[PDB]
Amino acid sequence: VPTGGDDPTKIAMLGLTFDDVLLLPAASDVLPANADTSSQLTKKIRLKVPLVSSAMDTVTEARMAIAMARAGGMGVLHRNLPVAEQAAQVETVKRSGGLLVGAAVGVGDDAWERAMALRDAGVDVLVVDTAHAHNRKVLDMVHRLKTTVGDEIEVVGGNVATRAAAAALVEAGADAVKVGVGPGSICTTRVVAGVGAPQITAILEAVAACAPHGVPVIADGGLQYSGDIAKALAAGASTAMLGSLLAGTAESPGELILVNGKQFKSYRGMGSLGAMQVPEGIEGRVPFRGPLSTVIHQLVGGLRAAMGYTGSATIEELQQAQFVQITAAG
């Protein structure tokens, strides 16, 4: 084996991240303005815009969830707060008209009660929210939820970064599989644990397990530009979950921060010291970006442009687009 040892499987793959690829233009009669950006969030739920906001306490509370739904996407309410408060945020969103909303739950002792209070509050999507879903406890929680409240509520499981893990979630009954172990902008799992999977390869592998079962893949983490959304969807994802790209918006939690004459907002991992109070996330800042509506417009604008270049009339068509791999120089 050229990289060492005698086992070809020790280094199992070459992992590509968003920056490693570009979408190839293709024959097109699709105008960006006329592309259909709708896509499946879950088996049953289709969004007008294929974007959801991260379940993080510097990204999504009621104000963000409301704005996301109004923009045609959805918010996933974070779970770093008491059960009654999270359920009350669900109520606040559903009060704002017929708006879709999701909410994160863990697999700990209080997770089941949290999920039931969220169901009672009228949540549409429960996101079983972990860093490693390939685990009997996580799979059992997914299955239990789907068998208990699965007629009225869609159940997302995550996160995974391998084909086998995605397959396990599908088998457990997941209505969507969320992909991303290590790619988050505020993630230090890569350096702390030495664990991760570049996101283009992780999406390609997850989709290989999920698409044949009609289960949509949510690409979660590592998206830095509007172009990354197009790349994630072309790799086979049905939606993208965004943290950093939405953390600078007016609707995110947190105050404005002024440093060196420029405006920022705090953005922190849910595995950072501050969020937990061995951290696997940092506490950082992102530039202030203004109203969510405007950020989403620009992001969807880039997606539309990609659909124009690739001749993709729908997201389903975009999922069939081809990449070129680029070098460091490119």
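Numbers follow the displayed sequence, beginning with 1.
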Higher-B stretch (mean Cα B-factor, as the entry records it), 138-146 or 158-166: 138-146
Residue stretch of maximal mean CA temperature factor, 46-54 vs 30-38: 30-38
Deposited CA B-factor, highest of 16, 23, 318, 13: 13
Highest-ranked of 239, 92, 249, 201 once sorted by CA temperature factor in the record: 92
Third of the chain, ranked by Cα B-factor, where residue 65 sits: middle
Ranked C-alpha temperature factor of residue 284 among modelled chain residues, by third: highest
Third assignment of residue 305 from its chain's C-alpha B-factors: middle
Residue 217 - Cα temperature factor, lowest/middle/highest third of chain: lowest
Assigned third (lowest, middle, highest) for the C-alpha B factor of residue 175: middle
